[PDB]
Amino acid sequence: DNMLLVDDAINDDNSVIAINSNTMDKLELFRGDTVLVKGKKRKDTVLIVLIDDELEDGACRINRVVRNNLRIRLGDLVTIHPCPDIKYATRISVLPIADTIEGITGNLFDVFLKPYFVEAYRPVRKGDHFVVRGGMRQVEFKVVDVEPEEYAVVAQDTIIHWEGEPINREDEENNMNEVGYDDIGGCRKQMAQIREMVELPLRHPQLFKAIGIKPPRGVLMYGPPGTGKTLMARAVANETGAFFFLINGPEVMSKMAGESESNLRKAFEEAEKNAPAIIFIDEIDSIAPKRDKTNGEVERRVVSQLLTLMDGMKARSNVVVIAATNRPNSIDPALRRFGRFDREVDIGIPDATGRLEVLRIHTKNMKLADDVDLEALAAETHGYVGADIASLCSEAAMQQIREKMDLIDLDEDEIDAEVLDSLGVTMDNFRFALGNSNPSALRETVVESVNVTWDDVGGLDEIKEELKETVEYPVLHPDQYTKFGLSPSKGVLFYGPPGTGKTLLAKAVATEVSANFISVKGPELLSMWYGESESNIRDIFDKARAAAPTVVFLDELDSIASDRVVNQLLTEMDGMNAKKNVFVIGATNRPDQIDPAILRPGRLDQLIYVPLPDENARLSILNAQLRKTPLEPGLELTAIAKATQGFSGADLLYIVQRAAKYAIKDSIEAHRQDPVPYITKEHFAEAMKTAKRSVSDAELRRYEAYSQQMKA
Amino acid sequence: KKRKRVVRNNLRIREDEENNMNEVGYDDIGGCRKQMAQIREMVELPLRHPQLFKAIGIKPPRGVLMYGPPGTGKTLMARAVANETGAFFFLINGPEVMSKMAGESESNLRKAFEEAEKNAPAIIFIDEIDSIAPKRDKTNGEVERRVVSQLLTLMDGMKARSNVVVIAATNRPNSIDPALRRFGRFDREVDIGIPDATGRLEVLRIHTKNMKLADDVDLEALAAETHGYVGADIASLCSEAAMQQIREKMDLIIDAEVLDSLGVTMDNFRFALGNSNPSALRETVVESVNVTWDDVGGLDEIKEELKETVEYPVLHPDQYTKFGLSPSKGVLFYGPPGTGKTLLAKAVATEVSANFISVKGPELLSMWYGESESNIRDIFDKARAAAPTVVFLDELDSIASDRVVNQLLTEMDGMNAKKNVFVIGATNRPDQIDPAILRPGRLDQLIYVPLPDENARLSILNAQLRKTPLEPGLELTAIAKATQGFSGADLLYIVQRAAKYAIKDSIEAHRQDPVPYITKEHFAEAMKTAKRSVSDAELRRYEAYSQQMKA
Ligand SMILES: Nc1ncnc2c1ncn2[C@@H]1O[C@H](COP(=O)(O)OP(=O)(O)OP(=O)(O)O)[C@@H](O)[C@H]1O
Ligand SMILES: Nc1ncnc2c1ncn2[C@@H]1O[C@H](COP(=O)(O)OP(=O)(O)OP(=O)(O)O)[C@@H](O)[C@H]1O
Ligand SMILES: Nc1ncnc2c1ncn2[C@@H]1O[C@H](COP(=O)(O)OP(=O)(O)O)[C@@H](O)[C@H]1O
Ligand SMILES: Nc1ncnc2c1ncn2[C@@H]1O[C@H](COP(=O)(O)OP(=O)(O)O)[C@@H](O)[C@H]1O
């Protein structure tokens, strides 16, 4: 409980902290000594304590400037420690800030030397910002350097130096060197995993010695481009507070031979010198790509040198290596063996909550208009990684500038601040920017989370129970299976008429067990077969393993029934270990062309027939579609359900869509000539008159015959 | 020992001590008794007592070549033998020597060779020897043609009469320039495969000698459940289990009291296995099997025929030599699917205690299309190196061009008759099999595999259910009688369906051990929910084919 609550202070003094005597009693502090207050992200300061009985016990009084310097807000908890090693300063060097001296010239250092340090003995520390009043201005300077270390106190005999040039303020902010856990959202699981795999070796190495194990060193995080890998690495490095050193694949690969090895050796040696340290790499694929395609000697020697350096790392050393790559399988396989990068992590596209958090983080400095509905943007935007969200915000701001430019004239070199005061980003700007966006992650197989429950599934209760017994029990009750000795099956294959609710079933299954759904359509398999596609099935299954538990989906599996892809799929699936929580769900409308090998035990052996929806199922599905669209009061869907015998979910959805389109057209005409913003009976009448069936009766008979044949 | 409580520690019987990972004697290796013995024989004797070779008057062999799946401890094995013999050890990396400049690699090589020679009680251990001297037909570049030539010159120019032994390691045997296999070079071949259950148990004991294991440990169970795991995988599993234990204990967090409570339990090992993934099965490997003869049921005449075919020629080769008959090696099992052909092959291999090798249809197709890590040549070379062995070719009807068939025929013809290499072929479509493979001196013997009989079905049911609980008083004879016309696969499916029903009932009861076993009603429900997977047409076709063959 030594931590104390941060409180707003009316006083503007930069070297006085007022606390109650009971606050000293808690730590048994003695009057007349400075105290060290440490906040977050390795931010600390030393303040002269005063007794103010007015303040209630546990309440402090620190000006806003000190809190801003510490990077903390009101109401935070800061650790307070005594100052047994209080020391005075012998030589301090400080420089001014040019933007803070605007409007007044001259040398105010001499003006501030005496009045501000007249036997004050104000404790000082590296990087502190202190504000002094000169003439008609209040100028803030920074503590460039102080001796003796580490913080010391500003004694009168201390020699003060001011020989140098002013340094910008926002330059430090944009350095990117200061980013904590707060600057990331939507990666709670991956962030926690990285923290566990990094902090423990560095913060508490004694655990591994106590338990008798060599702590892991090789951590490899991979994900879609522009997903925040570098930002997450920087954030964790700063939060740890250990020494940092970064290597860029493009940078190292851009220098002639020899120089690359020299740089790598120097980096490793320097990191070893200043342990604990973290070594980070970027685009490790570029320096160590797949050997099967790059036969050049330069990359061979570079990768060999990297391997030798990794192997030669001493047994006991607080150094952790982190690598980044878009393709998990692109890097040379030699790096993935034990004693090297083995702790693999996959980062997927953020879900709705992740998108909301990212948008909140980015939209923290722009002049957001009064009417903003970030929740709606999060709901609409799917498949957007953080980088695309930042681009969307930038484009919306650009559109706002387009709208507001008419007031000003661009020829003049100055813009009136009155216009600047009016700048604001409205919802329409975000809508337009979203309309002019271009997501790219979704075009490739990427792991994403789904949140579909059994409610969305319109019926098929028996299939629901069968699927539950098949999947959920081994995922949440493996003890029973181990006790009985029965291994869990993994190969499930749905077959039936198209548009009967298969993908939604797979999503629901993935949601129930809280697993990362993976989608792989038949065209993707065909492209992989022809080689045009980048990722291969091996990559898909490696990502599935790294993201376990997972549910992989194979749509139109008959579209590849080609034999090489089938053979590779069989090999990868059989190689999978059953104990791992990995499941494959195949779908096909023609369960006859599939090669017999796929149906062997230990593979896609479970066969599930998907029948057409029943009247109750049709009614439930229609209700599910009609959740946001207002309906004519008294509208009855039972007649529609009864008149739609043999229909499929897709056909019912299209019926709803055409009815909505007719209602919209009627509204347009009425408005041109919104009193009627909903649908009425006539639209449904037209829709049902324009009804049909996507499946012929012959196909239904064939499906029934095949299902009965499989039963017998 | 090693040319060396406090006294014992000093004689080996602050980081500079532990980091110096040396003196790793025979104690720190398990599951490689045969290979360890071979390497010891080929290393210690030339070095320790070269006088013996002079006395017998013959030059000791020097060129050794080990190969095995990656991460099997080849480098560790070389280091251990070098430390045991007390001599100096040298290590070279193939990519490293290839990494350096064009002329720099040749320098490195010659300087290392001369430095070793001047001070040469020692072993020169090359690594990734394939990289420096890959298959000549594939790469013939300038540096590729230069470094290999320099290495060949150095090897052939070995001064002899010295105490230098050269050892090379490659994941695949037929992945180096063949010129290195001739006499006066790497000739003594050694194969290392995935260890058996005993080897994995030994590895686990070796690694788990410092970790604070919990009170209850069943390393025998871990060895039984872990199959196809290399030593590196075992070490990774142990590390993962320790990490899981640390994570579990991290929720309460340093005080020494908590550190004193650290303990690795069975749950941690189970979780680590759940998060493990061995990388050895996908490649063809050599192992051992222990399929007991009495394990299977029925087919007694087939058992006796196979015994006469395999055991007697190898058990009493003197009789065959005196008569002159050579051992039979071409056998082809044919019959309906799911009749346990692989089980019979494994049992036969266990009879002679040979190293069983398996090749599946997907591997055949991968080799056919050209995209595959290894070709039939590698499989046969490993079979020869690890002799005696029993190679199993599954789904010979899946190679329906003819390049793979021609290669297989050539390899089968090439091997010498005396060498103890046997081939067992399996196929459910005997018609498609190429007639050429049926010629004398090849896969000539045909063995029909009939479906199991009532007694065989009962034996199969009993064997499969030994490791599963059952209701006391249950009679499976009625089940066996009421399952005529089925196969082993159908019986296993019914058993697993009954187990699934028991699991469901137990889970529902716990939600609401009431039934830790399976009752008769469960079997009744399973059988009523399952039926034969083989039609009568297939049986009639098999009978007709058998009669035609008899004719
Ligand atoms: N939570 C977040 N997740 C992802 N990107 C984020 C997040 N918050 C901000 N960003 C923005 O994303 C970019 C940071 O990710 P970055 O572009 O470095 O990822 P990357 O593609 O993994 O990088 P690299 O260039 O190292 O391969 C910056 O634009 C940052 O503003
Ligand atoms: N008897 C053993 N067999 C296999 N591995 C073992 C054995 N004893 C220990 N190990 C562990 O397995 C690994 C074997 O050594 P190492 O990691 O060098 O693999 P390797 O197969 O020799 O490597 P490479 O072939 O790539 O040079 C090490 O982790 C070693 O600790
Ligand atoms: N139980 C259900 N049966 C059929 N369709 C359903 C069911 N529940 C919902 N639907 C609807 O079916 C439509 C088609 O879903 P989709 O996954 O494309 O089907 P498919 O996988 O058969 O092509 C979706 O709009 C979905 O809302
Ligand atoms: N005597 C036996 N005859 C037939 N099958 C058996 C026998 N003993 C065990 N089995 C079962 O046969 C199964 C092997 O099936 P499968 O691999 O299809 O046979 P094969 O590959 O030899 O055609 C094993 O799971 C095993 O439980």
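Each reported figure results from applying straightforward, stated rules to the coordinates on display, with no laboratory input. Here Cβ is always computed from backbone atoms with ideal geometry, including for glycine, and neighbour counts include all displayed protein chains.
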Next item on the list: Could you work out the mean count of beta carbons from other protein chains within 10 Å of each residue's beta carbon in A:483-490?
Entry: 5
Next item on the list: Note down the magnitude of the dipole of the range A:1-130 about its Cα centre, charges +1 on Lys and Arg C-beta and -1 on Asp and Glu C-beta and zero elsewhere, to the nearest 20 debye.
Entry: 780 debye
Margin query: Give me the mean projected area, in nm² to one decimal, of the convex hull enclosing the Cα positions of the protein assembly as shown.
Written below: 67.5 nm²
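Only counting other Cβ atoms within 10 Å, I'd like B:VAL390, B:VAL64 sorted with the fewest neighbours first. Don't jump to the answer; show the numbers that get you there.
Numbers: B:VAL390 25, B:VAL64 22.
If I rank by nearby Cβ atoms, fewest first, I get B:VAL64, B:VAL390.
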Notebook entry, point to check: Antiparallel as a % of all DSSP beta bridges within the protein assembly as shown, to the nearest 5?
Noted result: 20 percent
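Looking at the calculated P(r) for the range B:165-233, what percent of the C-alpha pair distances fall above 15 Å? Please list the in-between numbers first.
Working: 1515 of 2346 pairs.
The answer is 65 percent, as a whole percent.
Just list whichever of A:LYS642/B:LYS500; A:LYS367/A:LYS507; B:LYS209/B:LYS500; A:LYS464/B:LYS531; A:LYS43/A:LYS404 have alpha carbons separated by over 29 Å in the model shown.
Numbers: A:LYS642/B:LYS500 39 Å; A:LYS367/A:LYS507 39 Å; B:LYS209/B:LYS500 39 Å; A:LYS464/B:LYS531 24 Å; A:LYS43/A:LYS404 41 Å.
Over 29 Å apart, Cα to Cα: A:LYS642/B:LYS500; A:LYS367/A:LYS507; B:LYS209/B:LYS500; A:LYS43/A:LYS404.
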Margin query: I'd like to know how the range A:71-126 sits against the 2.2 N^0.38 Å rule of thumb: what's its Cα Rg over that expected value?
Written below: 1.57
Check: What order do you get for B:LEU344, A:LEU652 when you list them from fewest to most C-beta neighbours inside 10 Å?
Finding: B:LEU344, A:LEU652
Item checked: Karplus-derived 3J(HN,Hα), 6.51/-1.76/1.60, for each residue of the range A:679-686, Hz, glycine and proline x -> 9, 10, 5, 4, 4, 5, 4, 4
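In whole Å and largest first, what semi-axes does the C-alpha gyration tensor of the range A:587-712 yield when each eigenvalue is scaled by 5 and square-rooted?
Working: eigenvalues 314, 41, 34 Å².
Listed largest to smallest, the semi-axes of the range A:587-712 are 40, 14, 13 Å.
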Check: What is the dipole size for the protein assembly as shown, taken about its Cα centre, with +1 at each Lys and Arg Cβ and -1 at each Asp and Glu Cβ, in debye to the nearest 20?
Finding: 5800 debye
Checklist line | Most positive-pole-ward Cα, B:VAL421, B:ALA78, A:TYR703, against dipole of the protein assembly as shown from beta carbon charges | finding: B:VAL421
Checklist line | All-pairs Cα distance distribution in the range A:374-451, expressed in whole percent, bin size 10 Å | finding: 15, 39, 25, 14, 6, 0
Next item on the list: Taking every pair of Cα atoms in the range B:241-361, average 1/r, invert it to obtain the Kirkwood radius, and report Rg/Rh to two decimals.
Entry: 1.28
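Considering the convex hull of the alpha carbon atoms of the range B:407-551, report its projected area averaged over all viewing directions, in nm², one decimal.
Details: hull surface 53.4 nm².
Over all viewing directions, the range B:407-551 projects a mean Cα-hull area of 13.4 nm².
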Notebook entry, point to check: Just going by the charge dipole of the range B:242-309, with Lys and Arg at +1 and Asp and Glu at -1 on Cβ, which of B:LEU306, B:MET250, B:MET266 is farthest out on the positive end?
Noted result: B:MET250
Next item on the list: Would you mind working out the magnitude of the charge dipole of the range A:337-461 relative to its Cα centre, with +1 at each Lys and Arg C-beta and -1 at each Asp and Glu C-beta, to the nearest 20 Debye?
Entry: 860 debye
Item checked: Residue among A:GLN193, A:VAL610, A:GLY103 farthest towards the positive dipole end of chain A, charges placed on Cβ -> A:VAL610
Check: Expressed as a fraction of 2.2 N^0.38 Å, the rule-of-thumb size for a compact globular protein of N residues, what is the C-alpha radius of gyration of the range A:8-131?
Finding: 1.14
Checklist line | Entries of A:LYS38/A:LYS189; A:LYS314/A:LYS543; B:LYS303/B:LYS419; B:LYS59/B:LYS118 with Cα pairs more than 26 Å apart | finding: A:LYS38/A:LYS189; A:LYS314/A:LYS543
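Which order do A:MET573, A:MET313, B:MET21 fall in if you start with the one that has the fewest other Cβ atoms within 10 Å?
Working: A:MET573 19, A:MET313 15, B:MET21 10.
Placing the least packed residue first, the sequence is B:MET21, A:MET313, A:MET573.
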Check: For the range A:313-395, how big is Rg over Rh, using alpha carbon atoms and the Kirkwood form of Rh?
Finding: 1.18
Notebook entry, point to check: What base-10 log of the normalised intensity I(q)/I(0) is obtained for the range B:44-198 from the Debye formula, alpha carbons as equal point scatterers, at q = 0.15 Å⁻¹?
Noted result: -0.82
Checklist line | Modelled FRET efficiency - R0 30 Å, B:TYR517 with B:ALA482, Cβ distances, 0.05 increments | finding: 0.90
Next item on the list: Could you work out the relative contact order of the range A:100-144, using alpha carbon pairs under 8 angstrom and six or more residues apart, expressed as a whole percent?
Entry: 40 percent
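Mind checking the range A:615-645 for trypsin sites (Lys or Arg not before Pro) that DSSP puts in a loop (not H, G, I, E or B) and that have at most 16 other Cβ atoms within 10 Å?
Values: sites: A:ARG618, A:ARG627, A:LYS628, A:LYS642; in loops: A:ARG627, A:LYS628.
Answer by residue number: A:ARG627, A:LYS628.
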Checklist line | Binned Cα-Cα distances of the range B:84-169, short to long, each 5 Å bin given as a whole percent | finding: 3, 13, 26, 26, 17, 9, 4, 1, 0
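Across all directions of projection, what mean area in square nanometres is found for the Cα convex hull of chain A? Write out the running numbers ahead of the final one.
Details: hull surface 180.0 nm².
Directional mean of the projected Cα hull area for chain A stands at 45.0 nm².
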Next item on the list: Find, among the GluC sites (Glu not before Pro) in the range A:146-228, those assigned to loop by DSSP (not H, G, I, E, B) with at most 16 other beta-carbon atoms within 10 angstrom.
Entry: A:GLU149, A:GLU150, A:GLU163, A:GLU178
